[PDB]
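Subsequent text provides structure tokens for two forms of one protein chain, presented individually as structure 1 and structure 2.
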Structure 1
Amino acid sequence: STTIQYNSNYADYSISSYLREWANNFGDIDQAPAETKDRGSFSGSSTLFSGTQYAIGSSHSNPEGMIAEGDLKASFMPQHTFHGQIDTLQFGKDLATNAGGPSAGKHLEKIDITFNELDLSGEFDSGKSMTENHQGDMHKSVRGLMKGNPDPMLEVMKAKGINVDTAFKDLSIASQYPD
């Protein structure tokens, strides 16, 4: 039931084509300095590590950013597993905080791509090991993007039957943002 909305500027792009460009400019978060490192923030919480929205900016002083929305949970130390369900995934640039500090959540100033009703799930089990907790679709695909790697997300999407090779122009589940 997933659909996609794209800026008219990325009509010649595909899901893979775009995400590879976004990730390479977002960069691997671990290779970044602690100086400029952004580990993302949760909002709609009462919580430091859960909320309805998760937004994170590039850790290499680049404009790229990402916003996930749904039922999101972070397990923190020692496993640090991102689990729950992502309904809406959005990519763009210039992450900006909403009026009311981080607590009001953040927004992207330039929206490129938006996945809707993606149904990106993942469970966490405290009794189980880290390795197996990291196999969840949600964690391994989002963590991959955080490490500037679009590949895990791309095979999760392909497993969902979503075409990641066709340009947004001719992709049936994708429509263009009115400019």
Structure 2
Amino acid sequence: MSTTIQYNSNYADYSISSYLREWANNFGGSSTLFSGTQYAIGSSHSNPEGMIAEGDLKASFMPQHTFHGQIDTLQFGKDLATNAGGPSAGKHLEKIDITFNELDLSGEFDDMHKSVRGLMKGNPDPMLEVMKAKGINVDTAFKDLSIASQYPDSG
């Protein structure tokens, strides 16, 4: 498939060159920027299970040696789908089972891959150890778990 380009009518008289030069000139390891990452992983079976790791960040350095790994939300469910607004807008899960909010996984990059790969091969153990090391109780039903709350009706 050949590359196609869409432009706002305000830039009709610009070239790619004159647009990007202007964008580059009007913009201003991180410093001093806003950056955000969304990773989506899903299976190939029907009603496929999926998960999303996401985070965003301010500006400059490690906080445990990762730039794109500044992850603070982790979500599990089924049916990854494209967001409104097109492919550029990333993904959402159609069926959301569990969402971890303010779960700082930045320090498990430099362990998150072992956790995600484990998950894909039927093994939650490394993910569970990461969660336990943050003080999360993984052996309590969600209904009794203090930091957990139920979504209204379905999402």
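For numbering, take structure 1's sequence and count from 1. In this text, the rigid core denotes the largest set of C-alpha atoms whose superposition between the two forms falls within 1.5 Å.
- Checking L145, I67, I113, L118 for C-alpha shifts of 2 Å or more between the two structures, after the rigid core is superposed, gives a single hit: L145.
- Core-superposed comparison between the two structures: CA of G51 displaced by 2 Å or more.
- Remark: with the core as the superposition reference, the CA shift of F91 between the two structures stays below 2 Å.
- Shown in the overlay between the two structures, fitted on the rigid core, is a CA shift at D170 smaller than 2 Å.
- With the core fitted, the CA of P102 sits 3.2 Å away from its counterpart between the two structures.
- With both forms fitted on their core, the C-alpha atom of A159 sits 0.8 Å from where it sits in the other form; this compares the forms between the two structures.
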